[PDB]
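Worksheet: one structure, shown below.
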Amino acid sequence: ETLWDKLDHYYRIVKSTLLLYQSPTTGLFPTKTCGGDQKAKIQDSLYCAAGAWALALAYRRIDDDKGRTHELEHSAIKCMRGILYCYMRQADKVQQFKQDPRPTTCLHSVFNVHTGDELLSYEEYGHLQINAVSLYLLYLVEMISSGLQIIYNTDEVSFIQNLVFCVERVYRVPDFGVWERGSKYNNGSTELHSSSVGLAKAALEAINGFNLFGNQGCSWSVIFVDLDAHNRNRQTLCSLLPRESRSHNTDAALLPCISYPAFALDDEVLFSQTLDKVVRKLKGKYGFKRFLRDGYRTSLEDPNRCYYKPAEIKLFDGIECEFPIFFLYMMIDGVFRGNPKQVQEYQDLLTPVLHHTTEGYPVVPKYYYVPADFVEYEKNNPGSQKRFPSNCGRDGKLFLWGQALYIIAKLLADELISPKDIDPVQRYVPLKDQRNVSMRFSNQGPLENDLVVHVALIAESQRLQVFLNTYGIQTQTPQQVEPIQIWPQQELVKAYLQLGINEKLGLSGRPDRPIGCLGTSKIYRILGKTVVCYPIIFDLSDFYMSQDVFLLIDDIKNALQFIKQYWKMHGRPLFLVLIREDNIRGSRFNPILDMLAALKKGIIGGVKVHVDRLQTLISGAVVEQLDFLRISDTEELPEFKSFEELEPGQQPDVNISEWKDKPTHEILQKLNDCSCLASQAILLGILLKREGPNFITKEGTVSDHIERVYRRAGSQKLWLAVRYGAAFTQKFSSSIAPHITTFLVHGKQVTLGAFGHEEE
Amino acid sequence: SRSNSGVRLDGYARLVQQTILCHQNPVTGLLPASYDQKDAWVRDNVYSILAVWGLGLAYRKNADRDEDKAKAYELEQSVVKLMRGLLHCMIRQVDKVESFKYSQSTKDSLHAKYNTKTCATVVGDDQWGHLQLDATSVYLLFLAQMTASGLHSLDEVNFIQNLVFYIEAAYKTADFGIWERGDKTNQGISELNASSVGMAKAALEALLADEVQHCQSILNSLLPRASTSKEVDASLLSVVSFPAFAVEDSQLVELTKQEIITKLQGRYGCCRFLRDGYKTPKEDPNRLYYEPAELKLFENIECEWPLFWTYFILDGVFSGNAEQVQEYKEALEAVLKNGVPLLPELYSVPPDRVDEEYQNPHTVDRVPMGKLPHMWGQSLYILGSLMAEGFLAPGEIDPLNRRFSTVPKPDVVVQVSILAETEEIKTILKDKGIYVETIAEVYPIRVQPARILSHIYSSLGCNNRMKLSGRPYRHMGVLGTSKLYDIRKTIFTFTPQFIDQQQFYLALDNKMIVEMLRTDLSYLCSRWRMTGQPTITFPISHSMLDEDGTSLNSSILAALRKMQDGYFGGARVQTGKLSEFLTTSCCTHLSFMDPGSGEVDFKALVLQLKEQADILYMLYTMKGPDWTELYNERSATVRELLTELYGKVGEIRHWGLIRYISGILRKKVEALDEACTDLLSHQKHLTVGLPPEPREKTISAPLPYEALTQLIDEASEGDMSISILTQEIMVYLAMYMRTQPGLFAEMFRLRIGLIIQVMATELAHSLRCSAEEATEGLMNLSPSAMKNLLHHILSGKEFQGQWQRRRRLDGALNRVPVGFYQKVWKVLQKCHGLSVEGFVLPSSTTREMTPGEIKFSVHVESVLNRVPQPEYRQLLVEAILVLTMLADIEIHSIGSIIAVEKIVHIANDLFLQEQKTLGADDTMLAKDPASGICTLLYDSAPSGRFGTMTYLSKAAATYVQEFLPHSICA
Ligand SMILES: Nc1ncnc2c1ncn2[C@@H]1O[C@H](COP(=O)(O)OP(=O)(O)O)[C@@H](O)[C@H]1O
Ligand SMILES: C/C=C(\C)CC/C=C(\C)CCC=C(C)C
């Protein structure tokens, strides 16, 4: 057989069983091949466009395609510039979702195939499926990489960026998932799914730095991911990884993630721990159960009731529908991972379950259900009964997602397309090649982690540089690095606020959050100047924790250890240890000098460091060019401020209880007789309540005297006062919320509240 | 390139971004018309992206660095995005494309406006007059051009070909126009605009040539006039010049441009058309329509649109020029925002200054209103600037070489293959010297009738997924059935339409076939503008042989021998084997065809039939109407022997009988809707019966074959043997307009009944006989002999009574003098109207008809040319022109509607008195039994002291004497 004949076989199957159904208008493919349903699901269209693109990737190996490469590729662009249209019309929702990711602010995931309009509402359907926004972005990168031009103007690039700002914060947005129901229980509940976070980690790894314009592209067409938000997704997937979610210890949606298309997991032991549970607990003769205790189109499921009631989930144990598609994903995984006998084992399993249409074209039935009469026999001896197909194709019903995966798997298995061809962005990294892949693997490899962070000791003043030199540490004042500009992280957050700003689509820009230690560890070219950012550890704060130098030295060690464990980008990380004259004041000098000295020795906390001059450290380094700032509306470039040289009691005697029963101006009396900054905080804190925010004090507004006592005992290191002060003035740290997410990303749950009192 | 050409390119980039690309919707790619008009017009979107496409082309011809590649890619993909958005706008209306494909109704047309945020529809079908063939045609044209420039599913290809079928019948489809208001009167009346026809022709040429050359016929006939109700439209620049270039006549293009400049061009642009009143201070802003009496008000104060001067820079760039006067005159640009030109939509005479502008035309300082910037005009302004400053070339915007239309195209040599149907026929052809090949020998080339070709195209364009059903069955003329076709790897050649149509008497006459072949060759030699050389397959059938069968028809031999000699039909012809013509033919490939009295009891009255064959037939109408497909009681029915009678009289070729049998059996010409559509295609109206007015039902617009045929039948009022004459004469007029259209000049309303009557009169005076026996011998004429009579009727060739014959010939042909209609416009200014036979042509018509309209012509020809008698009419024509003659010398105006007939008669009564006295027989001059006008008055020459026109001058002067008591003549 010639290649033309070998691939005309797939073009007949693709054209009859997939591209016939593509909407002439939207480009999206319909979920129901035959019928009046107008639903086009987002995920199924992406898998359908990928199937046409896989045939184009095959027809690229024939020069006389007879037009079939342009049509099959341009069908894929049609579907992908149709999902973009559906999303671009709902960009009022992309702005709302960046700011408040929630089940009822999401981009809809089911649209009218004919018109692109919203079909089912938030009540009717769970539209929060971030597997879909995330696979749109993985497929847009994988298709634009192939040569397929899907993004056409700067406004489409700004929407893809705003789509990225949404896909970054997936770790904190629980969703419904590929299966649209949430958990095994259809309680209408969203949960974090390794599958949705895993596809987001993959879209973000693929789209960071990607010209959406392809070869015909410049700096102003690149998408920029947050290295810190991507880390938070990597941390979440890893914490939850052998499993899918609180509810599912295994789901077959993990197979699309762990392997084609995302190829997300970067641990070979977790991939095997995740795949083995999926194959062992979910494989079947007719396919893979989506999840154990699944009621989809089961004989025992009630058709009328949308939501399974508690303990119903037991009735579906052994009756679970088995989806033949998962056999096709396992065959694609085998072609990618070089197992020529996992392709055969699962090809052999699919040849029997595959129906054929009247013209002989293969139909992959969506699910194989146990017929109602045989449910008890299967439950008694699972794997014994014969399950009827869900779609036979002759019925007029075809699973368009499965039809597309047959084309991808059959082409990959027959070697008519290559693993490299369908993963232009290299999502699968073979083990031997897991070395220098950005955001995933570092030169050292997959297992070794002795990163040398490139420290640069920057001193607030020349006075402090000369003082630090006398005591042994060469530091550089902000001016001595003249072309390089040292910026607070907040000044990068201001610059990023101009990324993705489209006023035509109502989009605003990066949400105003803190850039963290994996984004302040990068050298940036912003408006023609080189900007290096001091870490957020060095940012001044109202909270009293800042005063302890030992906590600063520990936050410096803690940050460098995070940079070591989680920085997998090409350059060496750049940590700038800003030293402020307050840091060396008093006996803080001895602790700071030991940190600064260890940074000079090359090790602080097990993290090897190379202190050196910023000019030498920034020299051949990769610089992220922030080209989105431009001039934009204002004919002036934005105004960015950069760090500049700052040129020159034993116990409180007053107990709260015995001194609060008094309402007296006498609390204002002891206030004049309390030298304790803890008695003052207790006495001048009873009054922030009973007399008011401004009840006049001898000193002035009470709000000013507690902030004076809090600040004063903060310096005098009088910690009972600093804590009565912080509390009385109700002080909260910016970091409480960022840290409470470490607990959550790691599968832990924090309870705040005292012991013996109301917990939350 | 960045030294001094990249900076200016960036300046134009800012221009396009801040005028056009700023308003492009990121979701749909469409462009809203303005802030107030948030909807996206198809034509405005297509035109507004031309600047972006040109900038992308500019950027690319100099794209070497990345950044420049990024800008070029962004511009090209913005153009692609806009066109795709317009596609999904049309794709969502596939049910309308499919419906308009067969039934070209305004209620089944693609919408002009679309929601710029969802590619959906904003208003209802009833709410905007959406039928605009120019918008869809300009979209198709620029889709073809952009693709030929490198700008990139099959389902949308099928949709695009269905759109090709949609705009395919635009030469005969009424339109709402480029200005989406139909006719000028502005009552939502769909009208045929040459702008739409030219744009459709350009789109079809860029993307079946038969309807293309039909559109070409519409363009030639209509230009320099725009449509029926428009003397000239400034939108014609979009046809005679960029972007369509649909007129290949350089003289016609120059004449259209000169008409636009002379009539519409003003100090602030060109008015769209005379008496437009789109944004004039005289209209009612909140009233959608226009009363017919306020169109005068709009005269000399129409809004001048700067958009049309962008067309005058574009031509001038496309055709090299010092029309750098059109530029430098566009200093009338709004802002010099920052300094952005912001080309306005129109300039309106300030309201106070209406009287000054009316009186002194193109002189008042108008104000800018409407859209600002006019993105359709702004894009053309930027494109013209780009092209004029050397950053762009005509060959980049026009990669299909549409600009080379005007160049004279050489005569084409039509290769003809004469093919023998049978081998015996081949033997006869050889004895006589024409060496041919049989249809069997021409294998593997398969010869098929043109019906099969028309049916094959019905399978082109079909996707049942989106409910698109091929192409409607359209008759393929000589142009379509002259290319060779590659269907399933075997070459198929198709004989012309006129050969397989053997259902009417025309095919029995071999001379007719010769004449049809000659007309087809003449049409081919002029209208073939296709790659390849056209190939007419001419098989000689057994019916083409003589009576004996051992010899071929003389006429057919003579035609074949002339074709062998290289010339026949005004065309150079090369005859040869069809196998030789493969390498130099338009071998198009059809890839869609690949698989994958007393005694009223009529018991015994037909017994008399059981040999004159005339009488046998005569009885047969008594037995048809009284008794058509009913029984005869001898294993026979009325229709059967009438068909047997028809065959018998065809064998004996006694043509009177064939015609009668055909007439009572209701034989109808299949390609008769084609004949009527061709005659109306040349801006000629048709009327179908005997001349008194109600019977003579006029044909102002094309009619479907069923209606046309039904109109013919009711126009005979049951009087047989004219209903067939109407079809036969219509066919002959169509052939003569295809071949010798000069013969049809100064003719605008073909009266078939009057034509038939004048042919009878000519057969009465030539071969002198009674007018009646001549009316019967007209039946017995061969179809080719009757066509010859018609030729001689038209050209006035002859095989003291002459002047009556001429007056008759010209009146029956409805021939008007050159400039007659404009002269009638002039008298209507003086008088209150003309009255012919009691029907009034009011002066109020001029208040809504500019003099050169072909809608005022029709108004005049419906009040004047309706006169039954052929001559009375030609006299009424004189009395109008002598009224026109004397209106100039007369210095005053009269408040009467002048009855022209009276002037004709007063001249009649003045003809008795003068001739009697000069001394002539009282019986020498006798009155007409129809008109009451002396026969000798008709026989009188026009000029002279006793000329008929002199008598009307002595009559009109004696007619307006009581109306105009005093006449201070010049
Ligand atoms: N004040 C802070 N202290 C510590 N880490 C912070 C602080 N602010 C932000 N971060 C870190 O910066 C990254 C991104 O910031 P942000 O969007 O605020 O994170 P999150 O949404 O997890 O709270 C996270 O890794 C977060 O933990
Ligand atoms: C000066 C008088 C004549 C030359 C006699 C003929 C002219 C008329 C009878 C009136 C013409 C004026 C019109 C408005 C028709």
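Numbering starts at 1 and runs along the chain as displayed.
Recorded method for this deposit: electron microscopy, 2.9 Å.
Backbone N, Cα and C define each Cβ position, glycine as well.
According to Swiss-Prot, the feature S-farnesyl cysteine maps to B:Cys969. The phosphoserine annotation in Swiss-Prot covers B:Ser597, B:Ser862. Summarising the annotation, Swiss-Prot assigns region 'Calmodulin-binding' to B:642-672.
Summarising the environment of B:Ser862 (phosphoserine), the number of other Cβ atoms within 10 Å of its Cβ, over all protein chains shown, is 18.
B:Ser597 (phosphoserine) sits 44 Å from B:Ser862 (phosphoserine), taking the Cα positions as reference. Cα of B:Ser862 (phosphoserine) to Cα of the residue listed as 'S-farnesyl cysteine': a span of 32 Å. Same-chain residues at least 6 positions away in sequence with a Cβ under 8 Å from that of the residue listed as 'S-farnesyl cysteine' are, in sequence order, B:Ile889, B:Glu890, B:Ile891. Cβ neighbour count for B:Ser597 (phosphoserine) (all protein chains, 10 Å cutoff from its Cβ): 5. For the region 'Calmodulin-binding' (B:642-672), DSSP puts the residue distribution at 22 helix, 0 strand, 9 coil.
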